[PDB]
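Starting off, we have a lone chain in the form deposited without the ligand, written out as structure tokens.
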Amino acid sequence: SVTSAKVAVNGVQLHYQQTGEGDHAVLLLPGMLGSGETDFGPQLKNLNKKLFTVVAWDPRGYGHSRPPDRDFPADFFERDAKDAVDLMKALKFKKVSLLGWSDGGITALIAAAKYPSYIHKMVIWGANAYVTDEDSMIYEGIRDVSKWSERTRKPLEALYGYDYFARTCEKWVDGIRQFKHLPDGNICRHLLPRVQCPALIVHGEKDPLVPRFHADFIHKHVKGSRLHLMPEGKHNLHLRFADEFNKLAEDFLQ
């Protein structure tokens, strides 16, 4: 049983879904243009409701956290990280664990580094701490939503309508490509050494969007972290292999 609602955080009404009665609070952070509705159905349904209280949030401009419309300033990952932690604090949780996918994993890393006393444990997958030329070209190949597969475009087009979906995707490409021009193409390389909580980095070996070297790099600089490789996993491993992923996450969180 899942409840959807909005809470006022930093000047915006953020939408979120919540389920479970457990004493261990867990926030699910979605990826690019994501939402709890499109990115975490399996987790909101199957994560142990006796052990955890699960919340899936929609970053400002994404999902149902509209208005406002989405924009990508240089500090957009940091802004999301603040909103994410403030949202859980607004919901009265004293400490939480983070499950971040893609852009949400980048967001989670930043949150753990900036608010260490608030984060218990973290599980992230499909994230990258910096942008290379290879990454930049991958992003550019995502700009045109009309070239997306029908299966991948359908859910987002239905959630946002073609116009907003297409425009926001282009803004995302420009937004994440901007980091390439900064020293080291940096997004959060400098924050990895500041993560103090136990972290599990999962990577789908067949992920076509994020090369494994990005997972190796995060594992290398997040002290005490563990890296788990899934031979058949792709970018959406928590959806395609939900049962396998949920077990990995639940075992690590306990």
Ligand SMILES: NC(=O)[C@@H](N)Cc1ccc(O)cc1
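For every residue, the number given is its place in the sequence shown, counted from 1.
Note that the form deposited with the ligand bound isn't included here; everything after this is about it.
Here is the short version: of 192, 32, 44, 200, the single residue with a heavy atom within 4.5 Å of the ligand in the deposited complex is 32. The single contact residue among 139, 179, 160, 72, judged by any heavy atom lying within 4.5 Å of the ligand in the deposited complex, is 139.
The partner is not drawn, yet in the deposited complex one stretch among 114-122, 101-109, 162-170, 80-88 has residues with heavy atoms inside 4.5 Å of the ligand: 101-109. A residue is said to contact a partner when one of its heavy atoms sits within 4.5 Å of a partner heavy atom; residue 15 fails this definition for the ligand in the deposited complex, lying far away.
Looking at residue 235, you'd find a heavy atom of it within 4.5 angstroms of the ligand in the deposited complex. Interface residues of 207-242, taken as those with a heavy atom within 4.5 Å of the ligand in the deposited complex (partner not displayed): 209, 210, 235, in sequence order.
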